[PDB]
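Below is one structure, written out as structure tokens; comments come after it.
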Amino acid sequence: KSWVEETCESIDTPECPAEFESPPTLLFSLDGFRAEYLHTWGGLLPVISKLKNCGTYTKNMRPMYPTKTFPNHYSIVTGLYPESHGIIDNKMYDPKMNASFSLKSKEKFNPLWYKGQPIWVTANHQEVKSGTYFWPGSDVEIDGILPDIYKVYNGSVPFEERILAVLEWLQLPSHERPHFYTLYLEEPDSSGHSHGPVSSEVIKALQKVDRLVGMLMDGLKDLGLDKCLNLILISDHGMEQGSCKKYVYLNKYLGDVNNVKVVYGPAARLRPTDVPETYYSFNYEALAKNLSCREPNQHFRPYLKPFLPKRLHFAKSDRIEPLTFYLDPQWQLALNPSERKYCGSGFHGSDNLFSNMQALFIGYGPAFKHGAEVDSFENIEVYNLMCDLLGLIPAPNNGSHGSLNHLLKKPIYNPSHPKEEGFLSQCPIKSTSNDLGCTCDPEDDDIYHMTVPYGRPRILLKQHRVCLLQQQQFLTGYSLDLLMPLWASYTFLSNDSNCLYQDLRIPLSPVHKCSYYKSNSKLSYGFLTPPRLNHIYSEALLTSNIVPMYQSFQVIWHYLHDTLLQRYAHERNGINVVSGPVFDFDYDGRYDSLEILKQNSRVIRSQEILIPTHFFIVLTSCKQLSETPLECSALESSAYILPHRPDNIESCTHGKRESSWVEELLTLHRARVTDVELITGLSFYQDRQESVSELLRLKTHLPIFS
Ligand SMILES: *[C@@H]1O[C@H](CO)[C@@H](O[C@@H]2O[C@H](CO)[C@@H](O[C@@H]3O[C@H](CO[C@H]4O[C@H](CO)[C@@H](O)[C@H](O[C@H]5O[C@H](CO)[C@@H](O)[C@H](O)[C@@H]5O)[C@@H]4O)[C@@H](O)[C@H](O[C@H]4O[C@H](CO)[C@@H](O)[C@H](O)[C@@H]4O)[C@@H]3O)[C@H](O)[C@H]2NC(C)=O)[C@H](O)[C@H]1NC(C)=O
Ligand SMILES: Nc1nc2c(ncn2[C@@H]2O[C@H](COP(=O)(O)O)[C@@H](O)[C@H]2O)c(=O)[nH]1
Ligand SMILES: *[C@@H]1O[C@H](CO)[C@@H](O)[C@H](O)[C@H]1NC(C)=O
Ligand SMILES: *[C@@H]1O[C@H](CO)[C@@H](O)[C@H](O)[C@H]1NC(C)=O
Ligand SMILES: [Ca+2]
Ligand SMILES: [Zn+2]
Ligand SMILES: [Zn+2]
């Protein structure tokens with residue numbers, strides 16, 4: 001009886017043949033295996049379905065941005081964001097090197113492209129042999145290291161021969177046998193491109209790929225290793241149906257110009273022709289402004305590289321062009337109709353939160369639970385997972401180590417909460433009392449737990465000076481070094497102008513006075529905690545609850561609290577809110593040091609002001625609608641990092657439909673709670689009852705669009 005014909009068998013303890021001390025780990029990749037394939041065509045894929053039912057499976061695996069083969073395949077084995085491991089796209093360019101990159105190029109085998117540290121390099125440093133077959137980065141030697149058994153990419157090699165090749169390696173002597181293995185197939189990406197996600201060729205391809213995995217499992221069984229191997233069946237990205245009618249050509253707004261180069265696709269980037277002479281000299285800002293809101297319902301959007309949604313993490317690399325393009329689903333962009341390969345073929349590269357860009361993940365073996373279905377997770381988390389399976393100390397990566405502990409029978413690493421590095425001090429009443437020049441028209445522990453019911457946010461900043469200011473409706477963490485609130489937490493239940501009051505607990509700043517703010521300048525002040533809380537709550541008008549805010553952003557911020565927040569409190573039976581300013585001028589995704597902070601403090605209206613690049617907001621509710629935010633059994637988080645812009649060009653306010661464009665901006669800039677943590681240097685939910693591993697799972701979550 002073949003492996004697919006046998007029923008499920010619990011592999012609680014690894015049953016290994018002699019010469020084996022611990023089960024090896026194979027990473028099997030199927031390029032272009034969209035997550036929707038297995039959801040719908042499970043009955044046509046008997047082998048893969050058994051792996052799903054007897055292993056650890058996830059409905060959707062979120063890939064990196066852009067959704068291309070090389071960046072993702074390399075992000076899997078490095079656990080790094082594409083902006084950090086160097087491989088931004090299949091075709092890209094580095095200005096500092098004056099060299100282009102391609103899969104079919106001599107530049108591909110250049111070690112100067114590949115940053116970070118892949119798993120086979122990690123295994124090599126810790127005396128673990130590794131045998132790869134066609135994995136991106138396996139052909140090239142990184143840090144002077146090559147896998148003990150490798151094969152230079154040759155797409156002509158038949159699939160059946162690839163499986164047998166790995167099977168031959170598994171039989172090597174105990175001293176010369178690799179412990180980590182890789183496998184790569186071009187299907188169903190190839191069939192996906194040429195005929196579309198919904199075709200007879202993909203069904204024929206899926207069945208071909210399904211039987212091929214079945215060949216491997218029967219082969220493992222004949223070697224007596226079917227219950228002694230850890231298999232991770234993964235993919236790089238999904239597949240979306242492109243259309244000729246749904247394609248964007250830049251020439252229509254610019255003309256048949258030759259001063260600019262466009263890397264076509266759903267994640268288009270633009271660089272000047274005179275390169276690297278004008279790579280930086282070229283002002284991209286003008287081109288972006290000249291390209292925004294040209295169509296009534298534009299299916300693309302010009303983005304300066306730091307102005308992209310932070311959830312994408314697609315800015316801090318030399319190879320990423322300073323001008324990028326975000327497109328609606330099923331749409332691609334190019335300069336001229338001649339550059340593109342074809343328009344009505346299956347494509348990929350769209351937003352990694354899109355439904356059809358989602359990838360596959362099935363963990364099977366003695367180390368994985370049987371028939372366990374877990375929530376969605378990013379592919380950068382897999383790197384740490386493999387380190388635990390190979391007993392390796394992971395290189396510094398972007399994955400939350402331990403967040404995938406729920407997948408394993410016996411978890412190897414037990415994570416802990418980050419220690420508080422902030423110098424926490426106290427602010428009593430010391431400075432009374434300046435005149436603010438404002439016109440106004442006519443025990444403690446019990447009130448604490450109501451505002452921070454999951455525990456106060458911990459200050460991960462080193463070594464920032466932070467004060468805790470307690471109020472009757474909210475608790476706010478105030479910064480003494482920046483003289484503005486870092487965060488403000490309050491609980492908003494289901495149903496419950498030019499004036500300000502000086503907070504005598506904080507030192508007076510010239511920007512606290514209403515006299516500082518004129519009605520002509522676009523810069524004004526906003527509240528972290530809404531004043532319309534619970535007559536009117538007056539402590540929200542405290543000086544320590546205001547932050548410098550553009551007037552254009554006030555359009556989004558007020559509607560966020562006056563309309564959406566109240567609606568969300570009814571739908572989710574109340575919400576706990578933590579809000580604050582974001583300062584990331586070097587657009588690296590992490591909080592800025594005091595040094596770079598002093599460099600970006602502009603001066604406006606005769607006063608020095610550090611103005612926020614973004615504003616974060618984390619909404620927490622109960623998973624059980626019967627419970628209020630003060631009595632949650634399980635949490636329900638959703639974070640947002642809203643861009644602080646002087647204008648709403650991104651939104652195309654033109655047409656004046658305010659209730660529409662705002663929510664679309666909110667949904668677009670949703671982010672992981674971890675993302676907020678990384679960018680503010682704060683740690684949430686530390687006093688929450690769930691374990692650390694559970695909390696990591698919660699904080700790294702993002703919803704899939706459509
Ligand atoms: C995802 O996960 C990855 C993995 O960690 C994260 O990527 C890391 O980001 C951090 C910060 O963003 C990186 O640290 C910085 O490294 C840079 C660059 O290093 C080189 O820079 C110069 C080259 O011109 C050179 O000066 C450096 O030379 C030496 O520097 C010091 C001197 O003492 C020495 O200790 C080093 O060994 C070097 O020999 C070097 O060649 C560097 O510029 C940064 O320095 C800043 O901070 C240091 C203190 O650390 C400070 O002294 C400086 O003033 C300066 O402010 C900093 O070291 C890290 O290298 C990245 N890791 C990799 C491999 O990419 C990424 O952040 C994560 N993403 C997200 C969004 O979380
Ligand atoms: N030259 C080269 N091509 C590769 C390699 N790996 C995959 N490819 C090819 O690149 C394609 C992936 O591109 P994509 O899926 O991003 O559109 C696949 O069709 C595959 O044949 C490699 O390591 N080297
Ligand atoms: C950059 O590359 C192009 C072609 O590779 C070459 O013609 C040009 O001279 C190079 N410029 C520099 C600065 O080396
Ligand atoms: C690629 O692999 C095929 C199948 O093994 C082989 O016949 C062919 O010679 C290889 N091509 C190259 C470029 O060596
Ligand atoms: Ca930063
Ligand atoms: Zn691919
Ligand atoms: Zn492809």
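Quick note on naming: the chains in the structure tokens go A, B, ... in the order shown, residues restart at 1 in each chain, and ligands are numbered from 1 in order of appearance.
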
Can you pull out every residue with an atom within 8 Å of ligand 1? Use only C-alpha atoms and all ligand atoms and format it as a PyMOL selection string. chain A and resi 80-81+84-85+115-117+313+395-399+588-590+593+595-596+675+678-679

Taking 5 positions as the minimum chain separation for residues in the same chain, which residues sit within 7 Å of range 638-650 of chain A when counting only C-alpha atoms? Answer as a PDB file with C-alpha atoms, in the first residue's frame.
ATOM      1  CA  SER A 292      -1.891  61.390  -8.595  1.00  0.00           C
ATOM      2  CA  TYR A 550      -1.647  68.983  10.238  1.00  0.00           C
ATOM      3  CA  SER A 552      -5.538  67.896   6.629  1.00  0.00           C
ATOM      4  CA  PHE A 553      -4.879  64.975   8.970  1.00  0.00           C
ATOM      5  CA  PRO A 612       5.236  63.013  13.761  1.00  0.00           C
ATOM      6  CA  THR A 613       5.621  61.071  10.510  1.00  0.00           C
ATOM      7  CA  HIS A 614       2.759  58.774  11.501  1.00  0.00           C
ATOM      8  CA  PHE A 615       0.152  58.131  14.190  1.00  0.00           C
ATOM      9  CA  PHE A 616      -0.465  54.642  15.576  1.00  0.00           C
ATOM     10  CA  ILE A 617      -3.723  53.282  16.979  1.00  0.00           C
ATOM     11  CA  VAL A 618      -4.426  49.837  18.454  1.00  0.00           C
ATOM     12  CA  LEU A 619      -8.026  48.670  18.898  1.00  0.00           C
ATOM     13  CA  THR A 620      -8.674  45.842  21.363  1.00  0.00           C
ATOM     14  CA  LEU A 666      -7.622  53.218   7.448  1.00  0.00           C
ATOM     15  CA  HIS A 669      -2.691  51.270   6.551  1.00  0.00           C
ATOM     16  CA  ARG A 670      -3.599  48.443   8.909  1.00  0.00           C
ATOM     17  CA  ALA A 671      -0.517  46.915  10.542  1.00  0.00           C
ATOM     18  CA  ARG A 672       0.603  44.175  12.911  1.00  0.00           C
ATOM     19  CA  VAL A 673       0.663  45.118  16.582  1.00  0.00           C
TER      20      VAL A 673
END

Find the residues near ligand 3. Use a cut-off of 12 Å, count only C-alpha atoms and all ligand atoms, and write them as a tab-separated table (two decimals) with N, CA, C and O atoms, in the first residue's frame.
chain	number	residue	atom	x	y	z
A	93	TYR	N	17.71	46.79	-9.69
A	93	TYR	CA	18.95	47.49	-9.96
A	93	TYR	C	19.51	48.21	-8.73
A	93	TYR	O	18.77	48.82	-7.96
A	94	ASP	N	20.82	48.10	-8.56
A	94	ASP	CA	21.52	48.77	-7.47
A	94	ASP	C	22.36	49.93	-8.01
A	94	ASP	O	23.29	49.72	-8.80
A	95	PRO	N	22.03	51.17	-7.60
A	95	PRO	CA	22.73	52.38	-8.04
A	95	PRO	C	24.18	52.44	-7.57
A	95	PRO	O	25.06	52.84	-8.33
A	96	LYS	N	24.42	52.04	-6.32
A	96	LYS	CA	25.75	52.10	-5.73
A	96	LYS	C	26.72	51.11	-6.39
A	96	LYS	O	27.94	51.22	-6.23
A	97	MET	N	26.18	50.15	-7.12
A	97	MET	CA	26.99	49.17	-7.82
A	97	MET	C	26.98	49.40	-9.34
A	97	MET	O	27.86	48.89	-10.04
A	98	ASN	N	25.99	50.15	-9.82
A	98	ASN	CA	25.79	50.37	-11.26
A	98	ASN	C	25.66	49.04	-11.99
A	98	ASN	O	26.32	48.80	-13.00
A	99	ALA	N	24.81	48.17	-11.45
A	99	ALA	CA	24.61	46.85	-12.03
A	99	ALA	C	23.16	46.39	-11.88
A	99	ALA	O	22.52	46.67	-10.86
A	100	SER	N	22.66	45.68	-12.88
A	100	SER	CA	21.29	45.18	-12.86
A	100	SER	C	21.27	43.74	-12.37
A	100	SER	O	22.30	43.08	-12.32
A	101	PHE	N	20.08	43.26	-12.02
A	101	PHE	CA	19.94	41.90	-11.52
A	101	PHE	C	18.87	41.13	-12.29
A	101	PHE	O	17.83	41.68	-12.63
A	107	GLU	N	25.02	38.33	-13.30
A	107	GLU	CA	24.94	39.07	-12.04
A	107	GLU	C	24.21	38.31	-10.93
A	107	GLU	O	24.34	38.65	-9.75
A	273	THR	N	16.64	57.18	-16.55
A	273	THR	CA	17.51	56.55	-17.53
A	273	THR	C	18.98	56.91	-17.30
A	273	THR	O	19.85	56.04	-17.37
A	274	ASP	N	19.24	58.18	-17.02
A	274	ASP	CA	20.60	58.63	-16.74
A	274	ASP	C	20.97	58.18	-15.33
A	274	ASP	O	20.72	58.88	-14.35
A	275	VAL	N	21.55	56.99	-15.27
A	275	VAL	CA	21.83	56.32	-14.00
A	275	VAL	C	23.28	55.82	-13.96
A	275	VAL	O	23.79	55.31	-14.95
A	276	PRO	N	23.96	56.00	-12.81
A	276	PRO	CA	23.51	56.61	-11.56
A	276	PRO	C	23.77	58.11	-11.47
A	276	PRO	O	23.87	58.64	-10.37
A	277	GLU	N	23.87	58.77	-12.62
A	277	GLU	CA	24.12	60.21	-12.65
A	277	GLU	C	22.98	61.02	-12.02
A	277	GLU	O	23.21	61.97	-11.28
A	278	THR	N	21.74	60.63	-12.32
A	278	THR	CA	20.57	61.35	-11.83
A	278	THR	C	19.63	60.47	-11.01
A	278	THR	O	18.44	60.74	-10.93
A	279	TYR	N	20.17	59.42	-10.39
A	279	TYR	CA	19.36	58.50	-9.60
A	279	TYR	C	18.79	59.23	-8.38
A	279	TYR	O	17.68	58.95	-7.94

Exercise for the section: Give the residues close to ligand 2, within 9 Å, counting only C-alpha atoms and all ligand atoms; write them as a ChimeraX atom specification. Expected result: /A:31-32,67-71,73,89-90,102-105,108,134-139,152-155,184-187,189-190,193,236-237,347-349

Could you write out that same residue set with C-alpha atoms as a PDB file, in the first residue's frame?
ATOM      1  CA  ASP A  31       6.180  27.911  -6.963  1.00  0.00           C
ATOM      2  CA  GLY A  32       2.962  29.805  -7.651  1.00  0.00           C
ATOM      3  CA  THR A  67       4.963  38.810  -4.287  1.00  0.00           C
ATOM      4  CA  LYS A  68       7.759  37.459  -6.506  1.00  0.00           C
ATOM      5  CA  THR A  69       9.707  34.159  -6.468  1.00  0.00           C
ATOM      6  CA  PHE A  70      13.260  35.164  -5.533  1.00  0.00           C
ATOM      7  CA  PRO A  71      12.491  37.692  -2.779  1.00  0.00           C
ATOM      8  CA  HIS A  73      12.021  32.117  -1.493  1.00  0.00           C
ATOM      9  CA  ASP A  89      12.573  41.723  -7.045  1.00  0.00           C
ATOM     10  CA  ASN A  90      13.358  39.190  -9.791  1.00  0.00           C
ATOM     11  CA  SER A 102      18.175  39.025 -13.265  1.00  0.00           C
ATOM     12  CA  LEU A 103      17.489  35.310 -12.869  1.00  0.00           C
ATOM     13  CA  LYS A 104      18.964  34.679 -16.309  1.00  0.00           C
ATOM     14  CA  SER A 105      22.082  36.796 -15.824  1.00  0.00           C
ATOM     15  CA  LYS A 108      22.710  36.478 -10.334  1.00  0.00           C
ATOM     16  CA  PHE A 134      17.394  24.452  -6.883  1.00  0.00           C
ATOM     17  CA  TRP A 135      16.734  26.904  -4.052  1.00  0.00           C
ATOM     18  CA  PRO A 136      17.263  30.625  -4.707  1.00  0.00           C
ATOM     19  CA  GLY A 137      20.630  31.437  -3.151  1.00  0.00           C
ATOM     20  CA  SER A 138      21.869  27.842  -3.284  1.00  0.00           C
ATOM     21  CA  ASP A 139      23.802  28.366  -6.514  1.00  0.00           C
ATOM     22  CA  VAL A 152      23.242  25.072 -10.068  1.00  0.00           C
ATOM     23  CA  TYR A 153      19.775  25.970 -11.338  1.00  0.00           C
ATOM     24  CA  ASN A 154      18.720  24.112 -14.481  1.00  0.00           C
ATOM     25  CA  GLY A 155      15.014  24.372 -15.239  1.00  0.00           C
ATOM     26  CA  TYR A 184      11.960  23.365  -5.762  1.00  0.00           C
ATOM     27  CA  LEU A 185       9.444  23.020  -8.589  1.00  0.00           C
ATOM     28  CA  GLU A 186       8.439  25.638 -11.177  1.00  0.00           C
ATOM     29  CA  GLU A 187       4.825  24.416 -11.070  1.00  0.00           C
ATOM     30  CA  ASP A 189       3.600  29.013 -11.450  1.00  0.00           C
ATOM     31  CA  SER A 190       4.425  28.138 -15.059  1.00  0.00           C
ATOM     32  CA  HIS A 193       1.038  32.265 -15.911  1.00  0.00           C
ATOM     33  CA  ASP A 236       6.477  31.667  -2.521  1.00  0.00           C
ATOM     34  CA  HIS A 237       3.317  33.433  -3.649  1.00  0.00           C
ATOM     35  CA  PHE A 347       0.494  37.215 -12.925  1.00  0.00           C
ATOM     36  CA  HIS A 348       1.573  37.900  -9.350  1.00  0.00           C
ATOM     37  CA  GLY A 349       3.318  40.587  -7.328  1.00  0.00           C
TER      38      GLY A 349
END

*Do you know which residues are at most 7 Å from range 269-271 of chain A counting only C-alpha atoms, after dropping those on the same chain fewer than 6 positions away, and could you put them as an MDAnalysis selection string?*
chainID A and resid 260:263 279 321 323:325

* Find the residues around residue 451 in chain A up to 7 Å (only C-alpha atoms counted), leave out those fewer than 6 positions away in its own chain, and share them as number ranges by chain. => A: 473-475, 489-491

Requested write-out: N, CA, C and O atoms of the selected residues, as a short mmCIF file (atom, residue, chain, number, x, y, z; two decimals), in the first residue's frame:
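Dumped everything to result.cif:
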data_model
loop_
_atom_site.label_atom_id
_atom_site.label_comp_id
_atom_site.auth_asym_id
_atom_site.auth_seq_id
_atom_site.Cartn_x
_atom_site.Cartn_y
_atom_site.Cartn_z
N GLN A 473 -10.12 59.32 33.12
CA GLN A 473 -10.69 58.60 31.98
C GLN A 473 -9.62 57.85 31.20
O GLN A 473 -9.91 56.88 30.50
N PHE A 474 -8.37 58.29 31.33
CA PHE A 474 -7.27 57.69 30.58
C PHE A 474 -5.94 57.74 31.32
O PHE A 474 -5.76 58.52 32.26
N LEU A 475 -5.02 56.88 30.90
CA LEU A 475 -3.66 56.90 31.43
C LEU A 475 -2.73 57.17 30.26
O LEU A 475 -2.81 56.50 29.23
N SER A 489 -3.73 55.49 26.77
CA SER A 489 -4.65 54.36 26.81
C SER A 489 -5.93 54.69 27.57
O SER A 489 -5.90 55.30 28.64
N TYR A 490 -7.06 54.28 27.00
CA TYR A 490 -8.37 54.49 27.62
C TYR A 490 -9.38 53.45 27.16
O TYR A 490 -9.19 52.81 26.13
N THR A 491 -10.44 53.27 27.93
CA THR A 491 -11.47 52.30 27.57
C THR A 491 -12.77 53.00 27.17
O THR A 491 -13.31 53.81 27.92
#
